[PDB]
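Asker: See query.txt below, with compact mmCIF, N, CA and C atoms.
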# COMPACT_ATOMS: atom_id res chain seq x y z
N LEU T 7 0.84 -1.19 0.00
CA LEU T 7 0.00 0.00 0.00
C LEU T 7 0.88 1.25 0.00
N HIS T 8 0.33 2.32 -0.53
CA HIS T 8 1.01 3.60 -0.55
C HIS T 8 0.09 4.75 -0.15
N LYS T 9 0.72 5.79 0.41
CA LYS T 9 -0.06 6.96 0.78
C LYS T 9 -0.13 7.95 -0.38
N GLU T 10 -1.31 8.51 -0.59
CA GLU T 10 -1.49 9.57 -1.57
C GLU T 10 -1.95 10.84 -0.87
N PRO T 11 -1.59 12.01 -1.39
CA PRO T 11 -1.98 13.24 -0.69
C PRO T 11 -3.44 13.58 -0.94
N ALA T 12 -4.00 14.29 0.03
CA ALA T 12 -5.34 14.83 -0.07
C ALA T 12 -5.42 16.14 0.72
N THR T 13 -6.53 16.83 0.60
CA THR T 13 -6.75 18.11 1.27
C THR T 13 -8.09 18.10 1.98
N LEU T 14 -8.10 18.52 3.24
CA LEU T 14 -9.30 18.57 4.05
C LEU T 14 -10.36 19.42 3.37
N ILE T 15 -11.59 18.91 3.34
CA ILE T 15 -12.64 19.83 2.92
C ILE T 15 -13.47 20.15 4.16
N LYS T 16 -13.93 19.09 4.80
CA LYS T 16 -14.76 19.25 6.01
C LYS T 16 -14.75 17.97 6.83
N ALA T 17 -14.57 18.02 8.14
CA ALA T 17 -14.75 16.82 8.97
C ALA T 17 -16.23 16.60 9.20
N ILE T 18 -16.76 15.39 9.10
CA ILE T 18 -18.22 15.28 9.19
C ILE T 18 -18.70 14.56 10.44
N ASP T 19 -17.86 13.67 10.96
CA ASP T 19 -18.24 12.89 12.12
C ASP T 19 -17.00 12.16 12.61
N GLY T 20 -17.10 11.37 13.67
CA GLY T 20 -15.86 10.73 14.13
C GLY T 20 -15.22 9.84 13.09
N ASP T 21 -16.04 9.21 12.25
CA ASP T 21 -15.62 8.14 11.37
C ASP T 21 -15.68 8.55 9.89
N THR T 22 -16.00 9.80 9.61
CA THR T 22 -16.20 10.28 8.24
C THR T 22 -15.65 11.68 8.02
N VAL T 23 -14.80 11.83 7.01
CA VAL T 23 -14.26 13.13 6.63
C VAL T 23 -14.37 13.37 5.13
N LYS T 24 -14.69 14.59 4.71
CA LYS T 24 -14.76 14.90 3.28
C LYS T 24 -13.43 15.49 2.84
N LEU T 25 -12.86 14.96 1.77
CA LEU T 25 -11.53 15.34 1.33
C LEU T 25 -11.53 15.65 -0.16
N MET T 26 -10.58 16.48 -0.57
CA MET T 26 -10.32 16.67 -1.99
C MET T 26 -9.28 15.64 -2.40
N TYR T 27 -9.64 14.74 -3.30
CA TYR T 27 -8.70 13.67 -3.67
C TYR T 27 -8.66 13.60 -5.19
N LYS T 28 -7.46 13.74 -5.74
CA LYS T 28 -7.25 13.79 -7.19
C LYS T 28 -8.28 14.71 -7.84
N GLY T 29 -8.36 15.90 -7.27
CA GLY T 29 -9.17 17.01 -7.65
C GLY T 29 -10.67 16.86 -7.53
N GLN T 30 -11.19 15.79 -6.94
CA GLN T 30 -12.63 15.67 -6.73
C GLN T 30 -12.98 15.65 -5.24
N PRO T 31 -14.08 16.27 -4.87
CA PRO T 31 -14.59 16.10 -3.51
C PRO T 31 -15.05 14.66 -3.32
N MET T 32 -14.67 14.09 -2.19
CA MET T 32 -15.03 12.71 -1.89
C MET T 32 -15.26 12.54 -0.40
N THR T 33 -16.29 11.81 -0.01
CA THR T 33 -16.42 11.46 1.42
C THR T 33 -15.66 10.19 1.74
N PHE T 34 -14.86 10.19 2.81
CA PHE T 34 -14.10 9.02 3.22
C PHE T 34 -14.65 8.46 4.52
N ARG T 35 -14.80 7.15 4.56
CA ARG T 35 -15.12 6.44 5.78
C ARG T 35 -13.82 5.86 6.32
N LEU T 36 -13.56 6.01 7.62
CA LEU T 36 -12.30 5.51 8.18
C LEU T 36 -12.36 3.98 8.32
N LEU T 37 -11.44 3.29 7.66
CA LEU T 37 -11.37 1.83 7.70
C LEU T 37 -11.17 1.27 9.10
N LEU T 38 -11.85 0.19 9.43
CA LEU T 38 -11.68 -0.72 10.54
C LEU T 38 -12.06 -0.10 11.87
N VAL T 39 -12.68 1.08 11.92
CA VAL T 39 -13.08 1.54 13.25
C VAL T 39 -14.54 1.95 13.31
N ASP T 40 -15.16 1.65 14.44
CA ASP T 40 -16.49 2.13 14.76
C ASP T 40 -16.40 3.15 15.90
N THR T 41 -16.88 4.35 15.64
CA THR T 41 -16.93 5.41 16.62
C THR T 41 -18.37 5.67 17.02
N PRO T 42 -18.52 6.19 18.22
CA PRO T 42 -19.88 6.61 18.59
C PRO T 42 -20.18 7.73 17.60
N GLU T 43 -21.43 7.88 17.18
CA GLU T 43 -21.66 8.83 16.10
C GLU T 43 -22.53 9.99 16.54
N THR T 44 -22.46 11.08 15.78
CA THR T 44 -23.42 12.14 16.10
C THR T 44 -24.58 12.05 15.11
N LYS T 45 -24.43 11.27 14.04
CA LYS T 45 -25.43 10.98 13.04
C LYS T 45 -26.24 9.70 13.30
N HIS T 46 -26.93 9.25 12.26
CA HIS T 46 -27.82 8.11 12.16
C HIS T 46 -28.97 8.20 13.16
N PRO T 47 -30.13 7.59 12.94
CA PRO T 47 -31.23 7.78 13.90
C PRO T 47 -31.39 6.63 14.86
N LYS T 48 -30.69 5.51 14.61
CA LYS T 48 -30.81 4.34 15.47
C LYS T 48 -30.06 4.54 16.79
N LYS T 49 -29.42 5.69 16.90
CA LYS T 49 -28.63 6.22 17.97
C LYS T 49 -28.79 7.74 18.06
N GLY T 50 -28.74 8.40 16.91
CA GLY T 50 -28.79 9.85 16.81
C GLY T 50 -27.42 10.45 17.13
N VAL T 51 -27.27 10.98 18.33
CA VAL T 51 -25.99 11.38 18.90
C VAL T 51 -25.72 10.49 20.11
N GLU T 52 -24.66 9.69 20.10
CA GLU T 52 -24.44 8.75 21.20
C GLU T 52 -23.40 9.26 22.19
N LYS T 53 -23.14 8.45 23.20
CA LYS T 53 -22.20 8.75 24.27
C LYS T 53 -20.76 8.62 23.79
N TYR T 54 -20.03 9.72 23.84
CA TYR T 54 -18.67 9.89 23.35
C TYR T 54 -18.66 10.23 21.86
N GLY T 55 -19.84 10.38 21.27
CA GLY T 55 -19.98 10.79 19.88
C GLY T 55 -19.41 12.18 19.66
N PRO T 56 -19.89 13.19 20.37
CA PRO T 56 -19.33 14.54 20.22
C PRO T 56 -17.82 14.56 20.42
N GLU T 57 -17.37 13.83 21.43
CA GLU T 57 -15.93 13.72 21.68
C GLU T 57 -15.14 13.08 20.55
N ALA T 58 -15.66 11.98 20.01
CA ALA T 58 -14.91 11.29 18.95
C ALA T 58 -14.89 12.19 17.73
N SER T 59 -16.03 12.86 17.55
CA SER T 59 -16.11 13.81 16.45
C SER T 59 -15.14 14.97 16.58
N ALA T 60 -15.05 15.56 17.77
CA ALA T 60 -14.12 16.69 17.97
C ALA T 60 -12.67 16.29 17.75
N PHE T 61 -12.32 15.10 18.23
CA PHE T 61 -10.96 14.59 18.08
C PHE T 61 -10.57 14.45 16.63
N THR T 62 -11.45 13.82 15.84
CA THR T 62 -11.13 13.66 14.41
C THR T 62 -10.96 15.02 13.76
N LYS T 63 -11.94 15.88 14.04
CA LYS T 63 -11.95 17.23 13.48
C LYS T 63 -10.69 18.03 13.80
N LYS T 64 -10.29 18.08 15.07
CA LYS T 64 -9.07 18.82 15.45
C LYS T 64 -7.82 18.24 14.84
N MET T 65 -7.81 16.90 14.78
CA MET T 65 -6.62 16.24 14.25
C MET T 65 -6.47 16.47 12.77
N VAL T 66 -7.55 16.43 11.97
CA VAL T 66 -7.30 16.74 10.55
C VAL T 66 -7.24 18.24 10.29
N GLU T 67 -7.98 19.08 11.01
CA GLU T 67 -7.94 20.52 10.73
C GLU T 67 -6.59 21.14 11.07
N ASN T 68 -5.91 20.57 12.06
CA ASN T 68 -4.63 21.16 12.47
C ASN T 68 -3.44 20.50 11.81
N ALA T 69 -3.66 19.59 10.86
CA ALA T 69 -2.51 18.91 10.24
C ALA T 69 -1.86 19.73 9.15
N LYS T 70 -0.57 19.51 8.92
CA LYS T 70 0.05 20.18 7.78
C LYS T 70 -0.27 19.42 6.49
N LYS T 71 -0.24 18.10 6.62
CA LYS T 71 -0.35 17.20 5.48
C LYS T 71 -1.35 16.11 5.80
N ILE T 72 -2.33 15.93 4.94
CA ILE T 72 -3.20 14.76 5.08
C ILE T 72 -2.90 13.77 3.97
N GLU T 73 -2.82 12.49 4.32
CA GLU T 73 -2.62 11.50 3.24
C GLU T 73 -3.68 10.41 3.40
N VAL T 74 -4.07 9.79 2.30
CA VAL T 74 -5.01 8.67 2.42
C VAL T 74 -4.27 7.42 1.94
N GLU T 75 -4.63 6.29 2.52
CA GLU T 75 -4.03 5.00 2.18
C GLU T 75 -5.15 3.97 1.97
N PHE T 76 -5.39 3.55 0.73
CA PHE T 76 -6.39 2.53 0.45
C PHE T 76 -5.83 1.17 0.86
N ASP T 77 -6.71 0.25 1.23
CA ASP T 77 -6.28 -1.12 1.54
C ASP T 77 -6.28 -1.95 0.25
N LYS T 78 -6.19 -3.26 0.34
CA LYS T 78 -6.02 -4.12 -0.82
C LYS T 78 -7.33 -4.51 -1.51
N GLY T 79 -8.46 -4.26 -0.87
CA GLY T 79 -9.78 -4.69 -1.28
C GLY T 79 -10.56 -3.63 -2.01
N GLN T 80 -11.89 -3.69 -1.90
CA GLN T 80 -12.67 -2.65 -2.56
C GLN T 80 -12.37 -1.28 -1.96
N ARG T 81 -12.37 -0.22 -2.76
CA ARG T 81 -11.98 1.07 -2.17
C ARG T 81 -13.15 2.00 -1.91
N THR T 82 -14.38 1.58 -2.19
CA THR T 82 -15.55 2.40 -1.83
C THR T 82 -16.60 1.50 -1.22
N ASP T 83 -17.45 2.01 -0.34
CA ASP T 83 -18.55 1.20 0.19
C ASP T 83 -19.83 1.44 -0.62
N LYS T 84 -20.94 0.86 -0.17
CA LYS T 84 -22.17 0.97 -0.96
C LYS T 84 -22.74 2.38 -0.94
N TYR T 85 -22.19 3.27 -0.12
CA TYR T 85 -22.77 4.63 -0.13
C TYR T 85 -21.87 5.54 -0.94
N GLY T 86 -20.91 4.94 -1.66
CA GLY T 86 -20.06 5.82 -2.47
C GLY T 86 -18.89 6.40 -1.68
N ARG T 87 -18.72 6.05 -0.41
CA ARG T 87 -17.61 6.57 0.38
C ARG T 87 -16.29 5.85 0.17
N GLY T 88 -15.20 6.60 0.03
CA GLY T 88 -13.88 5.96 -0.02
C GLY T 88 -13.57 5.23 1.27
N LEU T 89 -12.89 4.09 1.20
CA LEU T 89 -12.58 3.30 2.39
C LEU T 89 -11.08 3.36 2.65
N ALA T 90 -10.65 4.02 3.73
CA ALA T 90 -9.19 4.20 3.74
C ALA T 90 -8.62 4.45 5.13
N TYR T 91 -7.30 4.37 5.18
CA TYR T 91 -6.58 4.74 6.40
C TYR T 91 -6.23 6.21 6.21
N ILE T 92 -6.50 7.07 7.19
CA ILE T 92 -6.20 8.48 6.93
C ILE T 92 -5.09 8.95 7.88
N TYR T 93 -4.10 9.68 7.39
CA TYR T 93 -2.91 10.10 8.13
C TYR T 93 -2.88 11.62 8.26
N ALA T 94 -2.76 12.14 9.47
CA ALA T 94 -2.50 13.56 9.72
C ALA T 94 -1.05 13.73 10.19
N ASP T 95 -0.23 14.40 9.39
CA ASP T 95 1.20 14.54 9.62
C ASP T 95 1.85 13.23 10.05
N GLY T 96 1.54 12.14 9.35
CA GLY T 96 2.25 10.91 9.65
C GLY T 96 1.57 9.99 10.63
N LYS T 97 0.57 10.52 11.33
CA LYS T 97 -0.10 9.73 12.36
C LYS T 97 -1.46 9.27 11.82
N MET T 98 -1.71 7.97 11.99
CA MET T 98 -2.95 7.43 11.43
C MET T 98 -4.09 7.82 12.35
N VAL T 99 -5.05 8.54 11.77
CA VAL T 99 -6.22 8.92 12.56
C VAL T 99 -6.97 7.72 13.08
N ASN T 100 -7.10 6.65 12.28
CA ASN T 100 -7.93 5.54 12.75
C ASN T 100 -7.32 4.94 13.99
N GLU T 101 -5.98 4.89 13.96
CA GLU T 101 -5.31 4.33 15.14
C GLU T 101 -5.39 5.25 16.35
N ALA T 102 -5.19 6.55 16.12
CA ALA T 102 -5.31 7.51 17.22
C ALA T 102 -6.64 7.37 17.93
N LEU T 103 -7.75 7.25 17.20
CA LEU T 103 -9.06 7.18 17.86
C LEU T 103 -9.18 5.94 18.75
N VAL T 104 -8.64 4.83 18.24
CA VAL T 104 -8.76 3.57 18.95
C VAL T 104 -7.85 3.61 20.18
N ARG T 105 -6.65 4.18 20.00
CA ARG T 105 -5.71 4.25 21.13
C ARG T 105 -6.31 5.11 22.25
N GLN T 106 -7.13 6.09 21.93
CA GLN T 106 -7.74 6.94 22.95
C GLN T 106 -9.04 6.39 23.51
N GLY T 107 -9.44 5.19 23.13
CA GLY T 107 -10.72 4.72 23.67
C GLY T 107 -11.89 5.49 23.09
N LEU T 108 -11.74 6.08 21.91
CA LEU T 108 -12.82 6.82 21.26
C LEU T 108 -13.37 6.09 20.04
N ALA T 109 -12.96 4.85 19.86
CA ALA T 109 -13.47 4.01 18.78
C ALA T 109 -13.17 2.56 19.16
N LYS T 110 -13.87 1.63 18.54
CA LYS T 110 -13.60 0.20 18.69
C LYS T 110 -13.18 -0.36 17.34
N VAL T 111 -12.43 -1.44 17.29
CA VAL T 111 -12.08 -1.99 15.97
C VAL T 111 -13.36 -2.60 15.41
N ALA T 112 -13.80 -2.23 14.23
CA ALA T 112 -15.08 -2.69 13.67
C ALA T 112 -15.04 -4.14 13.23
N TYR T 113 -16.17 -4.65 12.72
CA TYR T 113 -16.12 -6.02 12.18
C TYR T 113 -15.24 -5.99 10.93
N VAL T 114 -14.35 -6.97 10.79
CA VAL T 114 -13.37 -6.89 9.72
C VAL T 114 -13.79 -7.67 8.48
N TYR T 115 -13.63 -7.08 7.31
CA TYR T 115 -13.95 -7.76 6.05
C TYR T 115 -12.70 -8.02 5.24
N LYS T 116 -12.29 -9.30 5.15
CA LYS T 116 -11.07 -9.54 4.36
C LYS T 116 -11.36 -9.25 2.90
N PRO T 117 -10.43 -8.71 2.12
CA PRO T 117 -9.04 -8.49 2.49
C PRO T 117 -8.74 -7.05 2.89
N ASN T 118 -9.75 -6.30 3.33
CA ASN T 118 -9.43 -4.94 3.77
C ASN T 118 -9.12 -4.96 5.27
N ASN T 119 -7.98 -5.56 5.61
CA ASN T 119 -7.61 -5.70 7.02
C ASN T 119 -6.11 -5.64 7.22
N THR T 120 -5.37 -4.94 6.36
CA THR T 120 -3.91 -4.87 6.56
C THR T 120 -3.51 -4.35 7.93
N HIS T 121 -4.14 -3.33 8.51
CA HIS T 121 -3.66 -2.85 9.81
C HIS T 121 -4.49 -3.35 10.98
N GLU T 122 -5.21 -4.46 10.81
CA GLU T 122 -6.08 -4.98 11.85
C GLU T 122 -5.32 -5.22 13.15
N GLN T 123 -4.24 -5.98 13.02
CA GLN T 123 -3.37 -6.30 14.15
C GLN T 123 -2.96 -5.03 14.90
N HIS T 124 -2.38 -4.12 14.12
CA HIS T 124 -1.94 -2.84 14.64
C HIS T 124 -3.04 -2.17 15.46
N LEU T 125 -4.26 -2.20 14.95
CA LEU T 125 -5.36 -1.50 15.61
C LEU T 125 -5.83 -2.25 16.85
N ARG T 126 -5.83 -3.57 16.73
CA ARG T 126 -6.26 -4.37 17.87
C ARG T 126 -5.29 -4.21 19.04
N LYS T 127 -4.01 -4.05 18.73
CA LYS T 127 -3.07 -3.81 19.84
C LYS T 127 -3.38 -2.47 20.50
N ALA T 128 -3.79 -1.46 19.72
CA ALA T 128 -4.10 -0.16 20.32
C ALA T 128 -5.36 -0.27 21.17
N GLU T 129 -6.29 -1.10 20.70
CA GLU T 129 -7.55 -1.17 21.44
C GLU T 129 -7.39 -1.84 22.81
N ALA T 130 -6.52 -2.84 22.85
CA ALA T 130 -6.23 -3.60 24.07
C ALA T 130 -5.60 -2.67 25.10
N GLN T 131 -4.61 -1.89 24.67
CA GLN T 131 -4.04 -0.83 25.50
C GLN T 131 -5.08 0.17 25.96
N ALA T 132 -5.93 0.69 25.06
CA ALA T 132 -6.95 1.62 25.56
C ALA T 132 -7.87 0.93 26.55
N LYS T 133 -8.10 -0.38 26.37
CA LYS T 133 -8.99 -1.03 27.33
C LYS T 133 -8.33 -1.13 28.71
N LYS T 134 -7.08 -1.59 28.70
CA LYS T 134 -6.22 -1.70 29.87
C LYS T 134 -6.09 -0.35 30.56
N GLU T 135 -6.05 0.76 29.82
CA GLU T 135 -5.94 2.05 30.49
C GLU T 135 -7.32 2.60 30.87
N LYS T 136 -8.38 1.88 30.53
CA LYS T 136 -9.77 2.25 30.80
C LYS T 136 -10.15 3.65 30.35
N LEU T 137 -9.76 4.04 29.14
CA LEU T 137 -10.02 5.37 28.60
C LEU T 137 -11.39 5.50 27.94
N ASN T 138 -12.09 6.57 28.22
CA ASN T 138 -13.33 6.94 27.54
C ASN T 138 -14.30 5.78 27.48
N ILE T 139 -14.56 5.29 26.28
CA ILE T 139 -15.43 4.17 25.96
C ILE T 139 -15.24 2.99 26.90
N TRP T 140 -14.01 2.81 27.35
CA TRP T 140 -13.68 1.73 28.27
C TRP T 140 -13.60 2.23 29.71
N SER T 141 -14.05 3.44 30.02
CA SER T 141 -13.99 3.94 31.39
C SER T 141 -15.36 3.96 32.06
How does this structure look as structure tokens?

Answerer:
Amino acid sequence: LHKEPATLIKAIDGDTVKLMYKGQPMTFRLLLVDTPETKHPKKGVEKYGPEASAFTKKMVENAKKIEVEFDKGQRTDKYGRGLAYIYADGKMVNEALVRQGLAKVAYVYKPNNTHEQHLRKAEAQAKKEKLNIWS
């Protein structure tokens, strides 16, 4: 896998950011993580949703460089969203959220699981430290 550059357009929720990618606006869903959301009606705004949302937003808005990294599998979901690992100045946002107890590793669909291990190790640590979602 390789990282490609992108530009922030708007952060939309903990798990979704709109980016300019190869000159087109595109919504990206963050691969392998489930965050409490401020959207959807089966929850609406959930517990730690505003927090997970603020974290994603601050982390991409304050970055110098955003890069996206597609996995080996399909690169869009059924809603037209890009499926990817997103990096703010070198740090993977999906991992940051999980390490902070602000997301859980989602159900995994092979073969889009290259960083699964990496993320699961972060989640175990956030559980052990009892942060946020695990507190």

Asker: Once DSSP has gone over the backbone, tell me which residues of chain T are in alpha helix (DSSP H), as an MDAnalysis selection string.

Answerer: chainID T and resid 55:67 99:105 122:134

Asker: Taking into account only N, CA and C atoms, which residue in the set T:100, T:80, T:33, T:106 is nearest to residue 131 (chain T)?

Answerer: T:106

Asker: Can you pull out the residues contacting region 110-125 of chain T? Cut-off 6.5 Å, using all atoms listed in the file, and skip same-chain residues under 6 positions away; I want them as a PyMOL selection string.

Answerer: chain T and resi 38-41+77-80+101+103-104

Asker: According to DSSP computed on the backbone, where in chain T is there strand (DSSP E)? Give the residues as a PyMOL selection string.

Answerer: chain T and resi 10-19+22-27+30-36+39-40+72-76+88-94+97-98+110-111

Asker: List the neighbours of residue 86 (chain T) out to 9 Å using only C-alpha atoms; skip same-chain residues closer than 2 positions along the sequence, and give me the result as a ChimeraX atom specification.

Answerer: /T:32-34,82-84,88

Asker: Please compute the CA of residue 25 (chain T)-CA of residue 139 (chain T) distance, one decimal, in Å.

Answerer: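 A separation of 27.3 Å between them.
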
Asker: CA of residue 105 (chain T) and CA of residue 54 (chain T), how far apart in Å?

Answerer: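 Result for CA of residue 54 (chain T) versus CA of residue 105 (chain T): 14.3 Å, one decimal.
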
Asker: In Å to one decimal, how far is atom N of residue 8 (chain T) from atom C of residue 31 (chain T)?

Answerer: 19.9 Å

Asker: When you look at region 57-67 of chain T with a cut-off of 9 Å (counting only C-alpha atoms), what residues show up, excluding the ones that are within fewer than 2 positions of it in the same chain? I need them as a PDB file with N, CA and C atoms, keeping the file's coordinate frame.

Answerer:
ATOM      1  N   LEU T  14      -8.100  18.520   3.240  1.00  0.00           N
ATOM      2  CA  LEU T  14      -9.300  18.570   4.050  1.00  0.00           C
ATOM      3  C   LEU T  14     -10.360  19.420   3.370  1.00  0.00           C
ATOM      4  N   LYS T  16     -13.930  19.090   4.800  1.00  0.00           N
ATOM      5  CA  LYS T  16     -14.760  19.250   6.010  1.00  0.00           C
ATOM      6  C   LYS T  16     -14.750  17.970   6.830  1.00  0.00           C
ATOM      7  N   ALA T  17     -14.570  18.020   8.140  1.00  0.00           N
ATOM      8  CA  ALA T  17     -14.750  16.820   8.970  1.00  0.00           C
ATOM      9  C   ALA T  17     -16.230  16.600   9.200  1.00  0.00           C
ATOM     10  N   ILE T  18     -16.760  15.390   9.100  1.00  0.00           N
ATOM     11  CA  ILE T  18     -18.220  15.280   9.190  1.00  0.00           C
ATOM     12  C   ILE T  18     -18.700  14.560  10.440  1.00  0.00           C
ATOM     13  N   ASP T  19     -17.860  13.670  10.960  1.00  0.00           N
ATOM     14  CA  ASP T  19     -18.240  12.890  12.120  1.00  0.00           C
ATOM     15  C   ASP T  19     -17.000  12.160  12.610  1.00  0.00           C
ATOM     16  N   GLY T  20     -17.100  11.370  13.670  1.00  0.00           N
ATOM     17  CA  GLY T  20     -15.860  10.730  14.130  1.00  0.00           C
ATOM     18  C   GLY T  20     -15.220   9.840  13.090  1.00  0.00           C
ATOM     19  N   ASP T  21     -16.040   9.210  12.250  1.00  0.00           N
ATOM     20  CA  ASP T  21     -15.620   8.140  11.370  1.00  0.00           C
ATOM     21  C   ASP T  21     -15.680   8.550   9.890  1.00  0.00           C
ATOM     22  N   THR T  22     -16.000   9.800   9.610  1.00  0.00           N
ATOM     23  CA  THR T  22     -16.200  10.280   8.240  1.00  0.00           C
ATOM     24  C   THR T  22     -15.650  11.680   8.020  1.00  0.00           C
ATOM     25  N   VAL T  23     -14.800  11.830   7.010  1.00  0.00           N
ATOM     26  CA  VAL T  23     -14.260  13.130   6.630  1.00  0.00           C
ATOM     27  C   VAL T  23     -14.370  13.370   5.130  1.00  0.00           C
ATOM     28  N   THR T  41     -16.880   4.350  15.640  1.00  0.00           N
ATOM     29  CA  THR T  41     -16.930   5.410  16.620  1.00  0.00           C
ATOM     30  C   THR T  41     -18.370   5.670  17.020  1.00  0.00           C
ATOM     31  N   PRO T  42     -18.520   6.190  18.220  1.00  0.00           N
ATOM     32  CA  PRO T  42     -19.880   6.610  18.590  1.00  0.00           C
ATOM     33  C   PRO T  42     -20.180   7.730  17.600  1.00  0.00           C
ATOM     34  N   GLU T  43     -21.430   7.880  17.180  1.00  0.00           N
ATOM     35  CA  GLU T  43     -21.660   8.830  16.100  1.00  0.00           C
ATOM     36  C   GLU T  43     -22.530   9.990  16.540  1.00  0.00           C
ATOM     37  N   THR T  44     -22.460  11.080  15.780  1.00  0.00           N
ATOM     38  CA  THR T  44     -23.420  12.140  16.100  1.00  0.00           C
ATOM     39  C   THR T  44     -24.580  12.050  15.110  1.00  0.00           C
ATOM     40  N   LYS T  53     -23.140   8.450  23.200  1.00  0.00           N
ATOM     41  CA  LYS T  53     -22.200   8.750  24.270  1.00  0.00           C
ATOM     42  C   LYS T  53     -20.760   8.620  23.790  1.00  0.00           C
ATOM     43  N   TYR T  54     -20.030   9.720  23.840  1.00  0.00           N
ATOM     44  CA  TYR T  54     -18.670   9.890  23.350  1.00  0.00           C
ATOM     45  C   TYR T  54     -18.660  10.230  21.860  1.00  0.00           C
ATOM     46  N   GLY T  55     -19.840  10.380  21.270  1.00  0.00           N
ATOM     47  CA  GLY T  55     -19.980  10.790  19.880  1.00  0.00           C
ATOM     48  C   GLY T  55     -19.410  12.180  19.660  1.00  0.00           C
ATOM     49  N   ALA T  69      -3.660  19.590  10.860  1.00  0.00           N
ATOM     50  CA  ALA T  69      -2.510  18.910  10.240  1.00  0.00           C
ATOM     51  C   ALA T  69      -1.860  19.730   9.150  1.00  0.00           C
ATOM     52  N   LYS T  70      -0.570  19.510   8.920  1.00  0.00           N
ATOM     53  CA  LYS T  70       0.050  20.180   7.780  1.00  0.00           C
ATOM     54  C   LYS T  70      -0.270  19.420   6.490  1.00  0.00           C
ATOM     55  N   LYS T  71      -0.240  18.100   6.620  1.00  0.00           N
ATOM     56  CA  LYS T  71      -0.350  17.200   5.480  1.00  0.00           C
ATOM     57  C   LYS T  71      -1.350  16.110   5.800  1.00  0.00           C
ATOM     58  N   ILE T  72      -2.330  15.930   4.940  1.00  0.00           N
ATOM     59  CA  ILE T  72      -3.200  14.760   5.080  1.00  0.00           C
ATOM     60  C   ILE T  72      -2.900  13.770   3.970  1.00  0.00           C
ATOM     61  N   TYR T  93      -4.100   9.680   7.390  1.00  0.00           N
ATOM     62  CA  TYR T  93      -2.910  10.100   8.130  1.00  0.00           C
ATOM     63  C   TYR T  93      -2.880  11.620   8.260  1.00  0.00           C
ATOM     64  N   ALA T  94      -2.760  12.140   9.470  1.00  0.00           N
ATOM     65  CA  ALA T  94      -2.500  13.560   9.720  1.00  0.00           C
ATOM     66  C   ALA T  94      -1.050  13.730  10.190  1.00  0.00           C
ATOM     67  N   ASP T  95      -0.230  14.400   9.390  1.00  0.00           N
ATOM     68  CA  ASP T  95       1.200  14.540   9.620  1.00  0.00           C
ATOM     69  C   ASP T  95       1.850  13.230  10.050  1.00  0.00           C
ATOM     70  N   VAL T  99      -5.050   8.540  11.770  1.00  0.00           N
ATOM     71  CA  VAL T  99      -6.220   8.920  12.560  1.00  0.00           C
ATOM     72  C   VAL T  99      -6.970   7.720  13.080  1.00  0.00           C
ATOM     73  N   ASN T 100      -7.100   6.650  12.280  1.00  0.00           N
ATOM     74  CA  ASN T 100      -7.930   5.540  12.750  1.00  0.00           C
ATOM     75  C   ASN T 100      -7.320   4.940  13.990  1.00  0.00           C
ATOM     76  N   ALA T 102      -5.190   6.550  16.120  1.00  0.00           N
ATOM     77  CA  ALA T 102      -5.310   7.510  17.220  1.00  0.00           C
ATOM     78  C   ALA T 102      -6.640   7.370  17.930  1.00  0.00           C
ATOM     79  N   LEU T 103      -7.750   7.250  17.200  1.00  0.00           N
ATOM     80  CA  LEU T 103      -9.060   7.180  17.860  1.00  0.00           C
ATOM     81  C   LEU T 103      -9.180   5.940  18.750  1.00  0.00           C
ATOM     82  N   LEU T 108     -11.740   6.080  21.910  1.00  0.00           N
ATOM     83  CA  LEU T 108     -12.820   6.820  21.260  1.00  0.00           C
ATOM     84  C   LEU T 108     -13.370   6.090  20.040  1.00  0.00           C
ATOM     85  N   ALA T 109     -12.960   4.850  19.860  1.00  0.00           N
ATOM     86  CA  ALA T 109     -13.470   4.010  18.780  1.00  0.00           C
ATOM     87  C   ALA T 109     -13.170   2.560  19.160  1.00  0.00           C
TER      88      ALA T 109
END

Asker: For residue 10 (chain T), which of T:140, T:27, T:128, T:89 is the closest residue, counting all atoms listed in the file?

Answerer: T:27

Asker: Here is a test: counting all atoms listed in the file, which residue of T:91, T:141, T:81, T:11 is nearest to residue 107 (chain T)?

Answerer: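 Using all atoms listed in the file, the shortest distance to residue 107 (chain T) belongs to T:141.
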